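Engineer: I have a structure here, written as structure tokens, and I will follow up with some questions on it.
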Amino acid sequence: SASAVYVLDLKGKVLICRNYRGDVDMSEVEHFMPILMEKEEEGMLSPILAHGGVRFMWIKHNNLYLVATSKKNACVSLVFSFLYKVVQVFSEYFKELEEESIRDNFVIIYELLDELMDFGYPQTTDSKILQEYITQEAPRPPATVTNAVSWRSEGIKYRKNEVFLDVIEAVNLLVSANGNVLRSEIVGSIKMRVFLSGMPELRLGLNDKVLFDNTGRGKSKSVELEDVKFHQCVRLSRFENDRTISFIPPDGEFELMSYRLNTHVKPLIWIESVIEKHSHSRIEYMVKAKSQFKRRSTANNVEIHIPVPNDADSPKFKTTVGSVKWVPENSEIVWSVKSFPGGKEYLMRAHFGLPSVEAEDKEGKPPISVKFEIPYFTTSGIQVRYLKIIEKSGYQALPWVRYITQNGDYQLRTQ
Amino acid sequence: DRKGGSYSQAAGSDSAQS
Amino acid sequence: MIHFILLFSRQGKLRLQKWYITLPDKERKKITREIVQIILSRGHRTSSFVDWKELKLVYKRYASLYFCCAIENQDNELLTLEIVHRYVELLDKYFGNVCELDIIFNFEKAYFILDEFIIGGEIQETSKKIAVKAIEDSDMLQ
Amino acid sequence: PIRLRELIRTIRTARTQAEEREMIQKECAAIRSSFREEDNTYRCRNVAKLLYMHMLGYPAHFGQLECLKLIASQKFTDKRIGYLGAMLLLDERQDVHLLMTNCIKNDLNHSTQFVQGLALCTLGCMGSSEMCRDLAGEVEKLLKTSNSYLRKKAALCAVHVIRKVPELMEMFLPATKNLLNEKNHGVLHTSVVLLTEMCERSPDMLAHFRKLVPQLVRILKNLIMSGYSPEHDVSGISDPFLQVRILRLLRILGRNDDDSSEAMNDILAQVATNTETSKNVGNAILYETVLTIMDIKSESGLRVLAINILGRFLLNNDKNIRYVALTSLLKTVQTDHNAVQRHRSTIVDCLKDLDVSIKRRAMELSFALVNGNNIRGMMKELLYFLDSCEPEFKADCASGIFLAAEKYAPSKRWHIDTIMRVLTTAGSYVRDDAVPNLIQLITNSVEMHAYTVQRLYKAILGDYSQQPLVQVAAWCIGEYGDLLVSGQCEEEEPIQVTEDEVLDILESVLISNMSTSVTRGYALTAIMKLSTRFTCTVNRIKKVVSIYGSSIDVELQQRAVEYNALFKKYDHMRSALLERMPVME
Amino acid sequence: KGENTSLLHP
Amino acid sequence: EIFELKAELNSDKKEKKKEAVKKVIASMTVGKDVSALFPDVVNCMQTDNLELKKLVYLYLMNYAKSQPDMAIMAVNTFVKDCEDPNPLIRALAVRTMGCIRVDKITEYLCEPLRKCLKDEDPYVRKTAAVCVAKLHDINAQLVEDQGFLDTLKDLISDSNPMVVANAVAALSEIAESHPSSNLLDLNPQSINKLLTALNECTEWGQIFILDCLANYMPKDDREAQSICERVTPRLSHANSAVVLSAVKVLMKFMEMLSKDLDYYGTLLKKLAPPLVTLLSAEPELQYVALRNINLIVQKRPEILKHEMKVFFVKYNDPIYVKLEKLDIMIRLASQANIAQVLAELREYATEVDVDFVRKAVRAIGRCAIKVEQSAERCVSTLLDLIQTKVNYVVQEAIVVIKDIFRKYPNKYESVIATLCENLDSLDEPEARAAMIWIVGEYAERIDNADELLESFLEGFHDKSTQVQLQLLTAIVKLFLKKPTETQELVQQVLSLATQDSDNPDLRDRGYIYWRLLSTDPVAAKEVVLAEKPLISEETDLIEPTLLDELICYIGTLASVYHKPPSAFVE
């Protein structure tokens, strides 16, 4: 129940505002900046502000914070969802999120803001569907918005029917300073770029553990996803009945399904790091990285971020394989490796200077983060079984899919 | 080719499950 | 004696600072932030005098960038304003049409002039041309 | 070796705070790398960049040894950079300035007049309690020199050392003797400042420094006569700083003597009328002269002239002039208090002014001008000002009203009523420290207790969120329950107090969430004391005390346990220790 | 801008 | 400038009119008060191009309250535009008519709203439904007189699921401001019909469809079972709010479900994966998810009992998320994961956030108080933290030890020796008072208790009221327990607090202590040094009545603040 959706800037200037209910005066935006400054300066800064009886709940974008004032007991989750939808629409329409487009795309921005939400209740949020009614360079609205299928425009025709899938893996590992892993969660991500003719009804099929158990084949390699979240095109009833994933893919790249389950396997990379930091004299970085992943897989662009001392200067690196660079902006040792064969072992010996004068305040212990991205590797063992592309006209589809394994929340706690 | 694993064609359905 | 002197811009950025009281770095930063908030949160008819922490904080900005001082409650208030005006005039004469751009780039010259003019919170030279000549002689040494 | 201009341009090109921090860290990495290499050619650029980063808000702890090394260097630019770094990032609490004493001593005897001057300025700006101890000998050597450009620096260094080391003033007496004949304005101003500092530090040199009063008067007369000068003449006023210093010295000298005051009486009279106050310099000189006259035993005519000048300046529309007049009136409050009553209307009008400093000065003047006859009249004005006062001035106004009532209260009943009104209207502005003072004042008064108890009961049943008012009401109830309710042992006629409302109010206050653990303790103490003071509602507070003995608060839990133990095992001895506490000033 | 302006304009 | 703009806007060329409209829009967006030119732009309103009509409508909406008198020249234009063949123009006109905050303009707009209520175009129907709610919010009496409630009710029972969802949202908004009289509630048939369009509703319409069930009160388990079965597919929605709405609906329906049947167990098992998925949302949604978990944690804590790893705060997590993570861990803390909780707290004590460190110390203390099986581990961790030589950490450890001693001091005598010399120079009132209280109550395992109290008695008259009271209590306890080595100490304390002490409560306490000492010192052992009963810990669980009301208010402002909806709205 947002009262007015407004967009501010880094200097507190409201780039664009769009009142929805009008129950809040437009002059309350002035106190938002001082309130945010006070909250941040006292540790009480939160995305949901409160100017007396009016609450300013908003998130920070790339260049401006989309703060939306509200007065009643509106759904904060609904406001956040509307803000996320607006951000996604802006990203789809504008390739960049900065002040250069707010002052240059106001003609289309105002129309999009007016059409998206009326009286604080949004009605349309599909960028592809909205692109047929609001353009910056107007006919009747398409029947897709009025029809049930609001994510697949009818009448789309293409020379070929090629759909590219992306089985993106996110390896998140939370290794404590004692050497044990606390949080090891792997979240699957099946992103497909559907480009076909008509309105095909995709019928995705995989070797799911639940599906295998229901069919009676619960003995082969099946992915046991704790959480499986289908997209808007995925029918909830079909998945709830017999694990049937039947939905109409949209025109373009979109997120269809996102598996999420815990992982009980050993880490694909084992990092043995040592810190021989002398008292204001010198420091040693005996970092050894062992690849526990399969030897047939190569981790392209391995980036093991090693947090070095903040005041360290005049450093020397004694490594084995991979480029090691210290970035003063980041204040860490970037263990950059181009290609890492599975089972490889990289040993490094850090040596950097330290000032005699001690630091005035503590800086903490940032965790060591690895940025390994090994494609063509499926740690979870989930493999796509079938993809039923059915069209009324009748055509031979050529679906495609790729499996990419990368490091997600793969942070290692320091000692 | 493509970084992150070469694209592979997918099946149509579980042929072994009828 | 002037406890502290700070040259801050209207946007809040500080172009000059000179404190004669030994205070902690965090305490000094907090005091500077509080002074900026008070000065930035004051009108144009505040008399250019503030009693902050029992200190006669005088604000007198002749341009977008303002000036601040910390005078103890033992001397007159107009003397601080006269000293600030004299320092501004001397800086303008030494620089030549001093603007905000030259202050950031030529901060070292301004610091040297302030050191040669005011030491320890008290004045060092009452005249305005003798100080300029001394500064020129010091700069010409190489 | 990046230039300072390039670094400034790069910093100005950064927009985001994170981007600026990243650029600063990238520059600091190179600066630290250059410092670790022992760079000596382009060290000036690195030092300037580090100083800019530190002023920009970046740490500069590692750049301490480099400044010390550059201080003992031979290059003039390097020496200047080191001096600037020591002045900026070096302080007494740094603990690294101890090694700078040797560098200062080495540069103290340098033949160059700039290096020695720079070292002296650095020592004066960053003087320490131990650096001055090992540098006092060298300061006195330069103090006896005839260097006009160095005399002011030596005077400033001596003043800084005396401020840091008040016990070292004995070594400066034989060096400043016969130094009032300096032709240079800066040297004379430095000598006057040093003499004023010595006089304000200790009074032993006041007798020795009081003999030079005729010389100071002659110098001031010559300066006033010499109204034209190329240097030091600003806005038609010649040597405004020298004139201010002379006026301050005259005010600080002879404030308790007749010969000193009489010697400067002619000079004060001449300057009180022969000065132009059109510019700010003239107004400042007039204010300084008025303050000096008020601070010294001058003639009646001088006081009348000062009063007339203050009255004329009070009507000035300038905010600075009004603030100066208010400050002068506040300073001249005790002295010439009878003549200050003529500006009561101006003081009242100044409270409504749109200047925070002006409003504060007017409030202070009104508080300091309250006498034993205008207190009753000024009470209504003070209450009105407190009602319509600023959020930050409400607590100060309440404190001033309480102080005035406690000092020159016309009567106990009137003072009690004013205190009750302030407590009821102050709300969350009355300081908690004034609660003990109010309790002591209430305990001292033993003639008005029934009316005060009734007023406290009436004002406590309405609201309880006022911590000071709630505590005062609880203390009053605990001290005068025997007078708040009379003959309430059993059921009686319907009166204001029925012996049960007080217990319910105390229980609500104890269990109310709007308690800071101080009002709850006072309520518990009052409930415990009401067992002997009140005998009608008996055997009821014991259950509450037993239930309240399991409180989370350690002190509150201990108090509840003690009360329950006293009620369950020392019922006969409960009244043996419930006597009224003594009343003292 | 407002920064290139002289402090006193003399 | 203004004259040139007015001349351009009063021209017969559309190429200049469009530029003038764009400049006027930019000036208003740039922060220019262009409300004075409202009558001038009124003439240039009826234009064939839709590009300038939208700008004119936006300017009128933004300049409607400013110049209500000048807005009387737009009713005819709105009436004319409310019948255009193009659905977009009609929808824009309907949206602009309801956005005009004019008391004299909504009266004449009732006819266009009634005409567009039965519009065949679904976009026109949605616009009319939104305009009806806007007019009802502006004027409830006018909406009631126009009889739009009957039309709104029939909207849900028609085609166009987007229009049905919009009508349902408008009806819910109207009933929210309504006094509950003549409620728009529907029987089970209406609920089934709404559920039928739920699977075809959009992401925004899904929330509108699920919010209706939040007010309905089921009466039978079969209806509740069907509702739970229909809301079960909602847990697989990509939208975070849709999943949260489904979870809230399931929680509301569980109040009528029976735990004996297997439906409750299935619902409980299927809700944990949803909470785990919601915990991995955006950082902005992290606070909302944590608030929802905390609200539902106090109601059904058996669902997320085994979920402990997901409650760990991430390195890049925000401060608002880190603070909520500690509260979630404390609420879900148990002896099964006591070691994991202690390890997480130990890691959280090495950071630099003073507020974060204090929150971690408070969470560790709460966990130690809640579960007595890990009291020894908590004591060891507190001792290690105290030995860590951190001022804030030292104060937090002192406070935690003082709290633990009053709760479980039976076996707390083994740590008094370590705390006897633990840098007592700290001047924190919350730590010095706690140390004084611990010394006074635990003055048995330390033989130098009198010597330690000597240092704290130097400024007892000017330290603090609470600190002075704690010191006096400790001195009295020491005198009662050991009066040989504290005979003069008690007299000195009485003299300092009774003669030189002006505090009313402190003076009364000192007088009472002196009277007790002079009356019967033997009785003071049984009166002052008595065995206090068990301390009643402050329960963090909300009241059951508030939880039931908070259960229905899920995902709103009253749930994040954990306050009633009527205690925060204005």
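Numbers here mean position along the shown chain, with the first residue as 1.
Yeah, the Cβs are placed from backbone N, Cα and C, and that goes for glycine too.
Heads up, here are the entries from Swiss-Prot:
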{"type": "MOD_RES", "residues": "B:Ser6", "note": "phosphoserine"}
{"type": "MOD_RES", "residues": "B:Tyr7", "note": "phosphotyrosine"}
{"type": "MOD_RES", "residues": "B:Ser13", "note": "phosphoserine"}
{"type": "MOD_RES", "residues": "B:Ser15", "note": "phosphoserine"}
Engineer: Rank the modified residues B:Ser6, B:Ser13, B:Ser15 by how many other Cβ atoms lie within 10 Å of each Cβ and give me the one with the fewest.
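Structural biologist: Across B:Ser6, B:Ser13, B:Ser15, these modified residues, the one with fewest Cβ atoms within 10 Å is B:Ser15.
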Engineer: Could you find out if DSSP has B:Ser15 (phosphoserine) as helix, strand or coil?
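Structural biologist: DSSP call for B:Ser15 (phosphoserine): helix.
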Engineer: Starting from the Cβ of the residue listed as 'phosphotyrosine', draw a 10 Å sphere and report how many other Cβ atoms land inside it.
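Structural biologist: The answer is 17.
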Engineer: Tell me the Cα distance separating the residue listed as 'phosphotyrosine' from B:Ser13 (phosphoserine), rounded to the nearest angstrom.
Structural biologist: 19
Engineer: To the nearest Å, how far is the Cα of B:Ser6 (phosphoserine) from the Cα of B:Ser15 (phosphoserine)?
Structural biologist: 24
Engineer: Can you tell me the CA-to-CA distance separating B:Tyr7 (phosphotyrosine) and B:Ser15 (phosphoserine), as a whole number of Å?
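Structural biologist: Per the Cα atoms, B:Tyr7 (phosphotyrosine) and B:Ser15 (phosphoserine) stand 22 Å apart.
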Engineer: Going by DSSP, is the residue listed as 'phosphotyrosine' part of a helix, a strand, or coil?
Structural biologist: coil
